[PDB]
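**Student:**
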Amino acid sequence: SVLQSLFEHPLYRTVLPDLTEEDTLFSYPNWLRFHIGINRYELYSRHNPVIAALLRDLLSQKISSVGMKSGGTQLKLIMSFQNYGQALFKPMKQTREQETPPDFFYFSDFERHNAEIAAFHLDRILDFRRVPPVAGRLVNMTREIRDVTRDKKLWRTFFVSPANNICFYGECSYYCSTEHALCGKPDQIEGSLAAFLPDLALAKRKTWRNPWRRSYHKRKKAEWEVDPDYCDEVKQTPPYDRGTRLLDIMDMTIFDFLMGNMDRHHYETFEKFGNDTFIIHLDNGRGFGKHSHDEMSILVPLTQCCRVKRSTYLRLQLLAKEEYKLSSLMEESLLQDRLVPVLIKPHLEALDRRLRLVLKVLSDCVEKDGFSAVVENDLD
Amino acid sequence: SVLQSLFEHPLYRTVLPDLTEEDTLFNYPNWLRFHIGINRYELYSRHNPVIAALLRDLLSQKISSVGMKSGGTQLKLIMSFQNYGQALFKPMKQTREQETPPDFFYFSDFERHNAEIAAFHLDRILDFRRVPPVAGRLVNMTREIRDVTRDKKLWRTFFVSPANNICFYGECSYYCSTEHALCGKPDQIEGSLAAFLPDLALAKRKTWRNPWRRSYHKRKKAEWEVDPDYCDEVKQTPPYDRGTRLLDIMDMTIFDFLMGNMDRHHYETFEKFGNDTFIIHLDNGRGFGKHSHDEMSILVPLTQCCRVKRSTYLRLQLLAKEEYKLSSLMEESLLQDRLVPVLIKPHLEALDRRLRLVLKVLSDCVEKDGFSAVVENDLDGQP
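If you're matching them up, the sequences are chains H and I in order. With PDB author numbering as the guide, the letters of the first sequence map in order to residues 134 to 159, 198 to 551. With PDB author numbering as the guide, the letters of the second sequence map in order to residues 134 to 160, 199 to 554.
Structure below.
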């Protein structure tokens with residue numbers, strides 16, 4: 134298919150260096204084989220049928236217990252399975268065709284499973300391998316959420332609406348009230364199960380602030396919103412001139428621009444590797460809210476810093492030729508998810524148009540700083 | 134009349150649900204009509220003109236016999252009247268101009284009759300209606316304490332001071348000595364007659380520990396004093412996730428901060444109603460000691476729990492509007508006591524300033540958990 138052509142092309146057969154005694158973080200159950208496959212450079216690599224098989228486990232392994240991470244932005248549940256592996260559950264807050272209204276600020280946006288699903292597949296198509304796997308799933312919220320929690324703060328919020336439907340809302344801060352409830356028809360809600368990274372006890376994770384963090388207030392603009400030479404100073408700030416880091420943040424901001432996800436207020440790393448490893452692309456629920464509007468604000472880090480990874484630049488050039496192209500390559504996968512169609516056609520169609528903006532931001536920028544200054548080189 | 138405007142506002146016309154055969158504790200003298208008026212949700216209601224007339228009894232009823240509560244923290248007397256009803260008497264231990272010393276711990280604080288009275292009016296202005304009625308009264312301590320007691324331990328402590336005044340101190344532990352005696356000029360002492368709750372023979376009261384109870388010694392910090400997420404756990408502990416209970420402690424913990432009463436080590440319930448009734452706001456004598464100082468420790472239950480009642484939030488916002496305001500609304504009623512002024516004016520000024528801290532603590536706290544999580548709604552279906 135279109136997806137068969139991509140993973141045979143040599144740009145997706147790039148192999149990583151050999152792993153040392155470090156670089157490891159650490198026929199078992201699938202959630203555990205996923206943890207040990209995590210190394211310094213990626214989160215799973217192209218092969219590894221565990222990732223595909225962990226997606227079947229997230230879909231259909233029996234939910235044994237459900238708990239609620241209290242005091243979050245919106246509702247996120249923790250599902251615990253029969254085989255001791257757990258997962259993060261984000262439920263459906265909006266339909267597929269809906270867009271965030273234009274008068275909403277970026278911090279008033281909902282977290283939607285459509286982005287959670289599409290972000291793992293979008294990330295896997297860019298051969299980043301940084302998003303933990305996510306599967307879509309229909310959950311009988313009587314048999315699989317309400318009746319299998321001993322967390323009465325979540326059980327207490329279940330009621331029956333005048334429509335004889337089962338509803339619930341939990342306890343967060345944004346949109347956890349009766350008027351923002353989640354209601355099945357009559358008792359299934361649908362949502363995204365994101366596989367859980369290893370417990371923080373046996374795998375510490377440093378939490379970083381990213382330098383283009385927006386001003387989570389109205390009227391007050393952020394530092395980069397006023398200073399056009401902001402990137403001349405950021406290439407001389409502590410940890411960001413040592414990697415594989417400026418190179419890795421430009422990777423992520425192209426990831427985010429493709430989805431329109433402007434909520435990248437922090438990014439997490441795996442500690443055991445230091446300032447020179449990959450960035451975990453977590454909590455991607457804010458993307459794919461607008462498909463007829465391209466948010467250039469997210470891209471400003473690319474027009475200001477003007478440099479990409481060569482691995483990721485050459486792949487992007489490939490994903491624009493029609494014989495491969497994101498849209499058909501994106502709808503090709505995401506067809507192996509249960510919540511199909513996880514992206515309505517305008518979101519898949521906007522992925523192509525947003526892609527060619529990244530390629531033009533590089534071409535206008537490659538003819539003002541020259542090659543090599545713009546394009547690194549990891550093809551050796 | 135600013136007090137007239139308040140009781141016309143719809144926030145003071147809220148009606149309760151219907152009272153069943155339970156919810157009454159029971160199934199004439201003025202003190203007895205107060206007992207039978209106790210129901211599940213309140214202690215008297217705004218209607219009940221008995222309360223106003225019961226305060227007249229505490230002012231002018233003949234004191235027939237006086238006895239001393241053995242083993243109290245400080246001096247506390249029991250007055251029994253001609254009509255067999257009784258009342259609790261706290262004598263004047265501190266003047267109107269005094270403040271508690273800054274180096275005093277909450278457990279070294281004096282209990283003063285001004286607090287007993289002012290807490291009753293402050294509670295009535297907040298439409299809580301949880302404090303038993305209390306009236307101030309001047310007592311001829313010759314004719315009304317010494318010469319009408321059969322308690323040798325209270326009688327033995329009466330003496331005449333070198334200033335030819337009559338003094339006495341009783342037998343407690345804090346401030347029951349000659350050097351802390353209570354002296355009229357020359358034989359009137361003044362104090363607060365707090366009407367008596369029904370006898371415990373026919374009305375059991377369950378006694379609860381409040382979870383923000385301080386560690387009543389120096390050096391030792393309390394449970395909540397180290398853990399800012401203390402109340403995330405208290406809303407998951409038996410009786411505090413079922414009410415109308417976490418919310419009822421928020422009512423009380425806002426009351427205490429307004430008065431500065433940090434000695435709320437326990438609170439009482441009526442049992443005959445179960446875990447689903449109101450909290451009797453008792454023993455408020457430790458409040459109104461400081462008027463140039465705002466004690467934030469008392470408010471910690473609210474900043475940690477971050478949830479209040481909407482009835483009680485809107486009234487708090489209302490009691491800050493200049494056309495209502497604690498100040499004028501408090502000195503209005505408190506002028507109906509014999510001991511006018513029961514509160515010195517900077518204390519009424521401090522009541523206003525302390526209120527705006529509570530309203531800002533809810534505003535700063537409502538913008539981090541949001542409405543619906545912070546403000547529960549009990550005016551659903553009310554004017």
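Backbone N, C-alpha and C define an ideal beta-carbon position, used for all residues, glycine too.
What alpha helix (DSSP H) runs, 4 residues minimum, are completely inside the segment 252-285 of chain H?
**Tutor:** Fully enclosed alpha helix (DSSP H) runs of 4 or longer: not present.
**Student:** Are the beta-carbon atoms of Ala-491 of chain H and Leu-530 of chain H separated by less than 7 angstroms?
**Tutor:** Position 320 of the first sequence holds residue 491 of chain H. Position 359 of the first sequence holds residue 530 of chain H. Yes; because the gap between Cβ atoms is below 7 angstroms, this pair is in contact.
**Student:** Helix, strand or coil for residue 175 of chain H? Go by DSSP, reduced to three states.
**Tutor:** Because chain H is numbered 159 and then 198 with no intervening positions, residue 175 of chain H cannot be located in this model.
**Student:** List the residues of chain I whose Cβ lies closer than 9 angstroms to the Cβ of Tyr-345 of chain H, in chain order.
**Tutor:** Translated into the one-based positions of the first sequence, residue 345 of chain H becomes position 174. Under the 9 angstroms cutoff, chain I gives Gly-541.
**Student:** Decide if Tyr-484 of chain I is buried, meaning its Cβ has at least 16 other Cβ atoms within 10 Å, or exposed.
**Tutor:** Numbered from 1 along the second sequence, position 313 holds the residue referred to as residue 484 of chain I. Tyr-484 of chain I is buried by the Cβ-count criterion.
**Student:** In this structure, how does DSSP classify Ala-544 of chain I when only helix, strand and coil are distinguished?
**Tutor:** Here residue 544 of chain I refers to the residue found at position 373 of the second sequence. If DSSP states are grouped into helix, strand and coil, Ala-544 of chain I belongs with coil.
**Student:** Along the chain, which unbroken stretches of the beta strand (DSSP E) at least 3 residues long are found entirely within the segment 397-476 of chain H?
**Tutor:** Counting whole runs of 3 or more residues, the segment 397-476 of chain H contains the beta strand (DSSP E) stretches 437-440.
**Student:** Could you give the distance in angstroms between the alpha-carbon of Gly-355 of chain H and the alpha-carbon of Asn-311 of chain H?
**Tutor:** Here the question's residue 355 of chain H lines up with position 184 in the first sequence. Here the question's residue 311 of chain H lines up with position 140 in the first sequence. Their backbone Cα atoms lie some 9 angstroms apart in a straight line.
**Student:** In this structure, how does DSSP classify residue 172 of chain I when only helix, strand and coil are distinguished?
**Tutor:** In this structure residue 172 of chain I is absent; chain I steps straight from 160 to 199.
**Student:** Just list the residues that DSSP pairs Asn-201 of chain H with in beta bridges.
**Tutor:** Your numbering for residue 201 of chain H matches position 30 in the first sequence. Per DSSP, none; premise fails for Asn-201 of chain H.
**Student:** Can you tell me where the alpha helix (DSSP H) holding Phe-339 of chain I begins and where it ends?
**Tutor:** In the second sequence, residue 339 of chain I corresponds to position 168, counting from 1. Taken as a continuous stretch (DSSP letters only), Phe-339 of chain I belongs to no alpha helix (DSSP H), being part of the beta strand (DSSP E) at 337-339.
**Student:** Quick one: list the residues of chain H neighbouring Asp-403 of chain I, beta-carbon separation under 7 angstroms, in chain order.
**Tutor:** As a working note, residue 403 of chain I is residue 232 in the second sequence. Here the neighbours are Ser-241.
**Student:** Keeping to the same chain, check which residues put their C-beta closer than 7 angstroms to that of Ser-348 of chain I; ignore five residues upstream and five downstream.
**Tutor:** As a first step, residue 348 of chain I must be located in the second sequence, where it is residue number 177. For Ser-348 of chain I, where only same-chain residues beyond five positions count, the Cβ hits under 7 angstroms are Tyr-340.
**Student:** According to the Cβ coordinates, are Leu-149 of chain H and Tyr-212 of chain H closer than 7 angstroms?
**Tutor:** On the first sequence, position 16 is the one that residue 149 of chain H refers to. On the first sequence, position 41 is the one that residue 212 of chain H refers to. A contact, by the Cβ cut-off of 7 angstroms.
**Student:** On the three-state DSSP scale, how would you describe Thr-157 of chain H?
**Tutor:** Counting from 1 along the first sequence, the entry for residue 157 of chain H is found at position 24. Reduced to three states, the DSSP call for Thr-157 of chain H is coil.
**Student:** Roughly how many angstroms separate the alpha carbons of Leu-353 of chain I and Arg-314 of chain I, rounded to a whole number?
**Tutor:** Position 182 of the second sequence, counted from the first residue, corresponds to residue 353 of chain I. Position 143 of the second sequence, counted from the first residue, corresponds to residue 314 of chain I. Approximately 16 angstroms between the Cα atoms of the pair.
**Student:** Suppose you measure from the CA of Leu-259 of chain I to the CA of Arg-509 of chain I; what does that come to, to the nearest Å?
**Tutor:** Mapped onto the second sequence, residue 259 of chain I falls at position 88. Mapped onto the second sequence, residue 509 of chain I falls at position 338. For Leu-259 of chain I and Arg-509 of chain I, the distance between alpha carbons rounds to 17 angstroms.
**Student:** Tell me, to the nearest whole angstrom, how far the beta carbon of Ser-504 of chain H is from that of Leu-522 of chain H; I am working on the premise that it is less than 8 angstroms.
**Tutor:** What you label residue 504 of chain H is simply residue 333 of the first sequence in a count that begins at 1. What you label residue 522 of chain H is simply residue 351 of the first sequence in a count that begins at 1. The pair is not a contact, with the Cβ atoms about 12 angstroms apart (cut-off 8 angstroms).
**Student:** Using 8 angstroms as the Cβ pair cut-off and three pairs as the minimum, do the segment 471-485 of chain I and the segment 528-548 of chain H touch?
**Tutor:** At 8 angstroms Cβ cutoff, the stretches do not touch.
**Student:** Just the Cα atoms here: how many angstroms apart are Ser-482 of chain H and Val-135 of chain H?
**Tutor:** If you number the first sequence from 1, residue 482 of chain H lands on position 311. If you number the first sequence from 1, residue 135 of chain H lands on position 2. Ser-482 of chain H and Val-135 of chain H: Cα-Cα distance of roughly 20 angstroms.
**Student:** Of all the beta strand (DSSP E) runs that stay within the bounds of the segment 286-342 of chain I, which reach a length of 3 or more residues?
**Tutor:** Runs found: 305-308, 337-339.
**Student:** Whole-angstrom Cβ separation of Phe-449 of chain I and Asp-419 of chain I, contact assumed at under 8 angstroms?
**Tutor:** Start at 1 with the first residue of the second sequence, and residue 449 of chain I comes out as number 278. Start at 1 with the first residue of the second sequence, and residue 419 of chain I comes out as number 248. Indeed they touch by this definition, with Cβ atoms about 6 angstroms apart.
**Student:** Within the 7 angstroms Cβ cut-off, does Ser-348 of chain H reach chain I?
**Tutor:** Residue numbering aside, residue 348 of chain H sits at position 177 when the first sequence is read from its first letter. Yes, its Cβ sits closer than 7 angstroms to a Cβ of chain I.
**Student:** By DSSP's criteria, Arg-380 of chain H is part of a beta bridge. Which residues make up the other side?
**Tutor:** To locate residue 380 of chain H, count along the first sequence from 1; it is residue 209. H:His-437, per the DSSP bridge assignment.
**Student:** Pair every Cβ in the segment 271-279 of chain I with every Cβ in the segment 322-330 of chain I, then say whether three or more of these pairs are closer than 8 angstroms.
**Tutor:** No: fewer than three Cβ pairs fall under 8 angstroms.
**Student:** Give every residue of the same chain whose Cβ lies closer than 7 angstroms to the Cβ of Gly-242 of chain I, excluding the five residues on either side of it in the sequence, and list them in chain order.
**Tutor:** Here residue 242 of chain I corresponds to residue number 71 of the second sequence, with the count starting at 1. Result list for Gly-242 of chain I: empty, nothing under 7 angstroms.
**Student:** Could you tell me how far apart the beta carbons of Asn-254 of chain H and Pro-200 of chain H are, in whole angstroms, since I believe they sit closer than 8 angstroms?
**Tutor:** Within the first sequence, numbered from 1, the residue matching residue 254 of chain H stands at position 83. Within the first sequence, numbered from 1, the residue matching residue 200 of chain H stands at position 29. At roughly 5 angstroms, the Cβ-Cβ gap stays under 8 angstroms, so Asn-254 of chain H and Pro-200 of chain H are in contact.
**Student:** In chain H, what lies closer than 7 angstroms to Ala-544 of chain I by C-beta?
**Tutor:** The residue you call residue 544 of chain I lines up with position 373 of the second sequence. Near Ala-544 of chain I (Cβ distances below 7 angstroms), the residues of chain H are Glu-342, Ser-344, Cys-347.
**Student:** Three Cβ pairs or more, each shorter than 8 angstroms: is that satisfied between the segment 462-474 of chain H and the segment 281-292 of chain H?
**Tutor:** With the cut-off at 8 angstroms, the segment 462-474 of chain H and the segment 281-292 of chain H do not touch.
**Student:** Sorry if obvious, but does the Cβ on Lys-264 of chain H come closer than 6 angstroms to a heavy atom of the ligand SAM?
**Tutor:** What this structure holds is no ligand at all, so the ligand SAM is not there to describe.
**Student:** DSSP beta-bridge partners for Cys-354 of chain H?
**Tutor:** Along the first sequence, one-based indexing puts residue 354 of chain H at 183. For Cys-354 of chain H, which the question treats as bridged, DSSP gives the partners H:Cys-338.
**Student:** Compute the Euclidean distance between the alpha carbons of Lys-391 of chain H and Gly-431 of chain H, then round it to the nearest angstrom.
**Tutor:** The residue labelled residue 391 of chain H in the question sits at position 220 within the first sequence. The residue labelled residue 431 of chain H in the question sits at position 260 within the first sequence. Going by the C-alpha atoms only, they are around 21 angstroms apart.
**Student:** Thinking C-beta only, is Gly-238 of chain H closer than 7 angstroms to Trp-202 of chain H?
**Tutor:** If you number the first sequence from 1, residue 202 of chain H lands on position 31. If you number the first sequence from 1, residue 238 of chain H lands on position 67. No; because the gap between Cβ atoms is not below 7 angstroms, this pair is not in contact.
**Student:** Kindly indicate which residue of H:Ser-216, H:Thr-320, H:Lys-443 has the alpha-carbon position closest to the one of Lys-375 of chain H.
**Tutor:** Position 204 of the first sequence, counting from 1, holds the residue named residue 375 of chain H. Answer by Cα proximity: H:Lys-443.
**Student:** Between the beta-carbon of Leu-214 of chain I and the beta-carbon of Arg-300 of chain I, is there less than 7 angstroms?
**Tutor:** Residue mapping note: residue 214 of chain I aligns to position 43 of the second sequence, counting from 1. Residue mapping note: residue 300 of chain I aligns to position 129 of the second sequence, counting from 1. Result yes, Cβ atoms of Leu-214 of chain I and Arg-300 of chain I sit closer than 7 angstroms.
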